[PDB]
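Novice: One structure is given below, represented as structure tokens, and several questions about it will come after.
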Amino acid sequence: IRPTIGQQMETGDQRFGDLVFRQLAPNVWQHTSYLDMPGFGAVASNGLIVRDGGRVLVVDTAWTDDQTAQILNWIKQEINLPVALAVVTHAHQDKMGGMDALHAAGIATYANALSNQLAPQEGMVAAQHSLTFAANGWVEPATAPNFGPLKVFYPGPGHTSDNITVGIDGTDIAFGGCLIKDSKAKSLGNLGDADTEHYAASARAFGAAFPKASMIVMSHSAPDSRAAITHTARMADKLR
Amino acid sequence: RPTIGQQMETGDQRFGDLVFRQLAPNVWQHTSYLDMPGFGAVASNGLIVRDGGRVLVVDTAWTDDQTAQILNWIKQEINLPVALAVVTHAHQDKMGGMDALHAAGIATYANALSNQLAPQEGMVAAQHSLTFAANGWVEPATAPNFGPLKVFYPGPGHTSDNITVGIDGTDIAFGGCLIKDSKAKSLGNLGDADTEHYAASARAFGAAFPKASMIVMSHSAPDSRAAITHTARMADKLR
Ligand SMILES: CC1(C)S[C@H]([C@H](NC(=O)COc2cccc3ccccc23)C(=O)O)N[C@H]1C(=O)O
Ligand SMILES: CC1(C)S[C@H]([C@H](NC(=O)COc2cccc3ccccc23)C(=O)O)N[C@H]1C(=O)O
Ligand SMILES: [Zn+2]
Ligand SMILES: [Zn+2]
Ligand SMILES: [Zn+2]
Ligand SMILES: [Zn+2]
């Protein structure tokens with residue numbers, strides 16, 4: 001309803017149980033789930049849902065298994081196609097807290113190899129499959145089969161050392177996950193697992209890997225313009 | 001590098017685990033941080049005011065040890081006695097450090113209601129209770145020798161007991177957790193909030209100190225009066 005961190009509800013948003021869904025393009029929706037800390041309030045976290053042909057691809061879980069099952073129920077009701085796979089963008093609760101729910105549903109899960117290696121140490125269940133990346137950041141094609149329009153890019157360490165990003169070919173949309181903050185943000189969020197030396201280059205690498213995208217989607221704000229990339233990089237420049 | 005709260009900047013002095021910023025010749029902002037695993041540091045701001053040969057404090061830090069650090073900083077940088085502290089409602093970021101003030105012999109004041117809620121909020125009550133008139137102004141007999149501290153209860157908002165403090169002889173007024181900055185996305189923790197009256201209460205604070213141009217608040221750097229108006233606009237949507 002009214003998050004302490006993350007974007008507020010707005011027109012075009014549809015509420016479904018404890019979640020909020022927003023259509024970004026004919027075949028792309030943003031999913032939002034909330035972690036309610038008592039004495040603090042709710043923290044919104046955003047992922048994506050993509051319809052590619054006759055299947056659904058998910059980017060990021062919700063905070064919990066129950067919330068992620070609710071995402072799968074919303075897909076069932078609104079899209080009514082099989083969910084082929086999910087990619088999770090790093091090993092923290094807001095992006096991988098729901099992995100058990102995906103596995104129980106028979107959905108194949110993919111994450112950066114480093115995310116799977118860090119998962120147990122971060123309290124997460126590892127994905128079933130590991131993505132690896134070239135030196136230029138692009139996913140090694142053989143590790144990401146049947147990804148449809150998803151273009152998976154590892155920009156370098158920033159918010160975490162394992163954070164990855166996803167563009168949707170054929171759309172105006174690129175997803176920065178927790179690496180990218182909105183153009184009006186005052187801070188870079190939780191830096192406790194962050195690489196302050198490389199953060200700025202990582203944000204600029206994300207921008208150069210998805211040069212066309214005009215809708216920048218991120219974990220804790222509403223979709224923004226490319227000004228979110230420039231602003232994130234400039235706040236990061238001050239960390240070094 | 002706080003997850004919540006302002007970042008460091010020129011003019012910010014680090015002292016132990018805290019940060020101090022001079023806002024005026026006789027007014028400083030104290031900032032302390034609560035690290036919460038999985039989320040990072042949350043900053044919380046209060047004020048320190050010099051009034052002649054004595055010092056006055058608004059709000060503790062999150063913890064006793066942090067609050068004792070504030071007293072150490074005052075001792076080092078000002079070297080005058082703290083006559084009294086006013087705490088602005090019964091939550092940890094504003095009253096978490098009561099025990100440290102009391103160990104130091106400092107007289108503590110809170111809204112009577114804050115003192116009544118403190119036990120239920122895991123807090124230690126101030127030793128003196130402020131009471132308020134029907135228009136929100138503190139009853140002067142309950143705020144003796146407050147010097148420039150002009151205490152105002154704006155109405156329920158962030159909590160039912162939240163109070164605010166204007167600094168007479170300056171253009172500074174302190175909204176505590178009632179007021180969020182002009183660029184804020186949300187009203188923060190609404191769990192204990194009065195959503196029906198929040199908007200009126202924020203505007204009441206602005207009306208009580210109509211000439212204060214620097215608005216200080218618990219979780220953002222000092223701001224303009226657009227902090228007040230934006231906070232009220234957000235609260236209008238709660239009704
Ligand atoms: C600042 C963030 C929005 S919190 C998030 C991530 N946290 C977790 O998934 C774990 O979630 C938590 C656990 C325990 C208490 C919590 C209290 C409040 C909120 C979350 C809590 C993280 O640590 O990076 N990503 C950051 C960011 O994108 O910058
Ligand atoms: C959102 C706030 C900045 S937290 C604050 C107040 N919190 C507490 O003193 C209790 O402390 C906590 C407990 C549990 C988790 C926490 C995580 C992060 C920070 C504090 C936490 C409150 O309850 O209002 N005032 C709010 C606001 O002004 O809007
Ligand atoms: Zn994270
Ligand atoms: Zn995040
Ligand atoms: Zn509070
Ligand atoms: Zn607060």
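Please note that chains go A, B, ... in the order of the structure tokens, that every chain numbers its residues from 1, and that ligands are numbered from 1 in the order shown.
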Set the cut-off to 6 Å and count only C-alpha atoms: what are the residues of chain B that reach chain A? Output as a ChimeraX atom specification.
Specialist: /B:3,39-40,186,188-189
Novice: Name the residues, by chain letter and number, that sit within 7 Å of ligand 4 using only C-alpha atoms and all ligand atoms, and give them as JSON, numbers by chain.
Specialist: {"A": [45, 94, 178, 219, 220]}
Novice: In Å, with one decimal, what is the gap from CA of residue 95 in chain B to CA of residue 212 in chain B?
Specialist: 25.0 Å
Novice: Excluding range 190-205 of chain B and any residue of its chain fewer than 5 positions from it, enumerate the residues within 9 Å of it, using only C-alpha atoms, and give them as a PDB file with N, CA and C atoms, in the first residue's frame.
Specialist:
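Output (part-v1.pdb):
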```pdb
ATOM      1  N   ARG A   2       1.493   1.574   1.145  1.00  0.00           N
ATOM      2  CA  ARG A   2       2.273   2.804   1.324  1.00  0.00           C
ATOM      3  C   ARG A   2       3.687   2.488   1.799  1.00  0.00           C
ATOM      4  N   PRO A   3       4.612   2.229   0.875  1.00  0.00           N
ATOM      5  CA  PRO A   3       5.954   1.784   1.267  1.00  0.00           C
ATOM      6  C   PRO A   3       6.825   2.891   1.854  1.00  0.00           C
ATOM      7  N   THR A   4       7.670   2.489   2.814  1.00  0.00           N
ATOM      8  CA  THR A   4       8.712   3.368   3.345  1.00  0.00           C
ATOM      9  C   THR A   4       9.872   3.510   2.365  1.00  0.00           C
ATOM     10  N   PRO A  38       8.393  -4.454  10.902  1.00  0.00           N
ATOM     11  CA  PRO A  38       7.751  -3.745  12.015  1.00  0.00           C
ATOM     12  C   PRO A  38       8.703  -2.706  12.593  1.00  0.00           C
ATOM     13  N   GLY A  39       8.146  -1.552  12.962  1.00  0.00           N
ATOM     14  CA  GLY A  39       8.950  -0.424  13.383  1.00  0.00           C
ATOM     15  C   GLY A  39       9.652   0.321  12.265  1.00  0.00           C
ATOM     16  N   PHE A  40       9.465  -0.088  11.018  1.00  0.00           N
ATOM     17  CA  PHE A  40      10.060   0.587   9.868  1.00  0.00           C
ATOM     18  C   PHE A  40       9.072   0.840   8.733  1.00  0.00           C
ATOM     19  N   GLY A  41       8.205  -0.111   8.426  1.00  0.00           N
ATOM     20  CA  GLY A  41       7.293   0.018   7.309  1.00  0.00           C
ATOM     21  C   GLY A  41       7.683  -0.904   6.164  1.00  0.00           C
TER      22      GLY A  41
ATOM     23  N   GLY B 136      -2.167  23.710  20.549  1.00  0.00           N
ATOM     24  CA  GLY B 136      -0.906  23.009  20.367  1.00  0.00           C
ATOM     25  C   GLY B 136       0.298  23.625  21.060  1.00  0.00           C
ATOM     26  N   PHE B 152       5.918  22.904  20.303  1.00  0.00           N
ATOM     27  CA  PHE B 152       4.596  22.955  19.691  1.00  0.00           C
ATOM     28  C   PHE B 152       4.145  21.536  19.387  1.00  0.00           C
ATOM     29  N   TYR B 153       2.926  21.198  19.803  1.00  0.00           N
ATOM     30  CA  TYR B 153       2.334  19.909  19.472  1.00  0.00           C
ATOM     31  C   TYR B 153       1.388  20.112  18.305  1.00  0.00           C
ATOM     32  N   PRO B 154       1.708  19.622  17.105  1.00  0.00           N
ATOM     33  CA  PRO B 154       0.949  20.022  15.912  1.00  0.00           C
ATOM     34  C   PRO B 154      -0.325  19.226  15.717  1.00  0.00           C
ATOM     35  N   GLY B 155      -0.556  18.195  16.536  1.00  0.00           N
ATOM     36  CA  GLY B 155      -1.612  17.252  16.271  1.00  0.00           C
ATOM     37  C   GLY B 155      -1.033  15.904  15.880  1.00  0.00           C
ATOM     38  N   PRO B 156      -1.861  14.862  15.931  1.00  0.00           N
ATOM     39  CA  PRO B 156      -1.395  13.528  15.536  1.00  0.00           C
ATOM     40  C   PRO B 156      -0.988  13.480  14.066  1.00  0.00           C
ATOM     41  N   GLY B 157       0.081  12.741  13.805  1.00  0.00           N
ATOM     42  CA  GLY B 157       0.524  12.527  12.445  1.00  0.00           C
ATOM     43  C   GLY B 157       1.355  11.272  12.331  1.00  0.00           C
ATOM     44  N   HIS B 158       2.671  11.432  12.422  1.00  0.00           N
ATOM     45  CA  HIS B 158       3.544  10.270  12.427  1.00  0.00           C
ATOM     46  C   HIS B 158       3.221   9.360  13.610  1.00  0.00           C
ATOM     47  N   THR B 159       3.052   9.952  14.802  1.00  0.00           N
ATOM     48  CA  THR B 159       2.415   9.296  15.942  1.00  0.00           C
ATOM     49  C   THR B 159       1.420  10.262  16.574  1.00  0.00           C
ATOM     50  N   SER B 160       0.676   9.758  17.562  1.00  0.00           N
ATOM     51  CA  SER B 160      -0.237  10.625  18.291  1.00  0.00           C
ATOM     52  C   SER B 160       0.490  11.558  19.251  1.00  0.00           C
ATOM     53  N   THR B 164       7.085  19.150  18.076  1.00  0.00           N
ATOM     54  CA  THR B 164       8.029  19.864  17.231  1.00  0.00           C
ATOM     55  C   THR B 164       8.613  21.011  18.043  1.00  0.00           C
ATOM     56  N   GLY B 175      10.970  19.520  12.763  1.00  0.00           N
ATOM     57  CA  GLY B 175       9.770  18.717  12.649  1.00  0.00           C
ATOM     58  C   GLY B 175       9.895  17.271  13.084  1.00  0.00           C
ATOM     59  N   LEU B 178       7.740  13.823  11.957  1.00  0.00           N
ATOM     60  CA  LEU B 178       6.502  14.233  11.305  1.00  0.00           C
ATOM     61  C   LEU B 178       6.766  14.712   9.878  1.00  0.00           C
ATOM     62  N   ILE B 179       7.890  15.389   9.667  1.00  0.00           N
ATOM     63  CA  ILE B 179       8.189  16.082   8.417  1.00  0.00           C
ATOM     64  C   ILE B 179       9.208  15.274   7.637  1.00  0.00           C
ATOM     65  N   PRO B 210       5.914  30.282  11.086  1.00  0.00           N
ATOM     66  CA  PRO B 210       5.753  30.717   9.684  1.00  0.00           C
ATOM     67  C   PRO B 210       6.988  31.356   9.082  1.00  0.00           C
ATOM     68  N   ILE B 228       7.734  20.950   4.460  1.00  0.00           N
ATOM     69  CA  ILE B 228       6.415  20.987   5.093  1.00  0.00           C
ATOM     70  C   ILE B 228       5.311  20.816   4.063  1.00  0.00           C
ATOM     71  N   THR B 229       5.349  21.605   2.978  1.00  0.00           N
ATOM     72  CA  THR B 229       4.241  21.575   2.024  1.00  0.00           C
ATOM     73  C   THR B 229       4.177  20.240   1.290  1.00  0.00           C
ATOM     74  N   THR B 231       5.256  17.364   2.509  1.00  0.00           N
ATOM     75  CA  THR B 231       4.760  16.397   3.488  1.00  0.00           C
ATOM     76  C   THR B 231       3.238  16.483   3.604  1.00  0.00           C
ATOM     77  N   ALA B 232       2.685  17.704   3.649  1.00  0.00           N
ATOM     78  CA  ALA B 232       1.232  17.847   3.739  1.00  0.00           C
ATOM     79  C   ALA B 232       0.548  17.333   2.474  1.00  0.00           C
ATOM     80  N   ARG B 233       1.110  17.634   1.295  1.00  0.00           N
ATOM     81  CA  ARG B 233       0.530  17.140   0.046  1.00  0.00           C
ATOM     82  C   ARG B 233       0.469  15.611   0.013  1.00  0.00           C
ATOM     83  N   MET B 234       1.562  14.943   0.388  1.00  0.00           N
ATOM     84  CA  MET B 234       1.548  13.479   0.495  1.00  0.00           C
ATOM     85  C   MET B 234       0.466  13.002   1.454  1.00  0.00           C
ATOM     86  N   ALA B 235       0.330  13.671   2.603  1.00  0.00           N
ATOM     87  CA  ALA B 235      -0.655  13.257   3.598  1.00  0.00           C
ATOM     88  C   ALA B 235      -2.083  13.503   3.125  1.00  0.00           C
ATOM     89  N   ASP B 236      -2.302  14.512   2.277  1.00  0.00           N
ATOM     90  CA  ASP B 236      -3.638  14.715   1.722  1.00  0.00           C
ATOM     91  C   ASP B 236      -4.163  13.431   1.080  1.00  0.00           C
ATOM     92  N   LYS B 237      -3.271  12.619   0.486  1.00  0.00           N
ATOM     93  CA  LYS B 237      -3.648  11.391  -0.218  1.00  0.00           C
ATOM     94  C   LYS B 237      -4.009  10.257   0.728  1.00  0.00           C
ATOM     95  N   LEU B 238      -3.703  10.400   2.018  1.00  0.00           N
ATOM     96  CA  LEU B 238      -4.016   9.384   3.013  1.00  0.00           C
ATOM     97  C   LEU B 238      -5.479   9.406   3.439  1.00  0.00           C
ATOM     98  N   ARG B 239      -6.199  10.494   3.164  1.00  0.00           N
ATOM     99  CA  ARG B 239      -7.544  10.691   3.713  1.00  0.00           C
ATOM    100  C   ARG B 239      -8.641  10.021   2.886  1.00  0.00           C
TER     101      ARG B 239
END
```
Novice: Please identify every residue of chain B that has at least one atom no farther than 6 Å from an atom of ligand 2, counting only C-alpha atoms and all ligand atoms, and for each give the shortest atom pair and the distance in Å to one decimal, arranged by chain then increasing number, as CSV.
Specialist:
```
residue,atom,partner,partner_atom_place_in_ligand_line,distance
B:36,CA,ligand 2,17 (C),5.6
B:42,CA,ligand 2,19 (C),5.3
B:91,CA,ligand 2,9 (O),4.7
B:92,CA,ligand 2,9 (O),3.7
B:93,CA,ligand 2,9 (O),4.2
B:177,CA,ligand 2,28 (O),4.2
B:187,CA,ligand 2,29 (O),6.0
B:188,CA,ligand 2,29 (O),3.4
B:189,CA,ligand 2,29 (O),4.1
```
Novice: Could you please take those selected residues and save C-alpha atoms as a PDB file, in the first residue's frame?
Specialist:
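Contents of out.pdb, freshly written:
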```pdb
ATOM      1  CA  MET B  36      19.951  -3.020  10.461  1.00  0.00           C
ATOM      2  CA  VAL B  42      19.463   4.512   8.967  1.00  0.00           C
ATOM      3  CA  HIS B  91      10.198   5.728  19.457  1.00  0.00           C
ATOM      4  CA  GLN B  92      13.782   4.477  19.483  1.00  0.00           C
ATOM      5  CA  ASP B  93      15.274   7.047  17.128  1.00  0.00           C
ATOM      6  CA  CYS B 177       9.746  12.394  12.155  1.00  0.00           C
ATOM      7  CA  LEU B 187       5.776   9.324   4.658  1.00  0.00           C
ATOM      8  CA  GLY B 188       7.981   6.587   6.103  1.00  0.00           C
ATOM      9  CA  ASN B 189       6.689   4.379   8.885  1.00  0.00           C
TER      10      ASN B 189
END
```
Novice: Write out as an MDAnalysis selection string the residues lying within 8 Å of range 17-32 of chain A, counting only C-alpha atoms and excluding same-chain residues fewer than 6 positions away.
Specialist: chainID A and resid 44:52 62 67 70:71 171
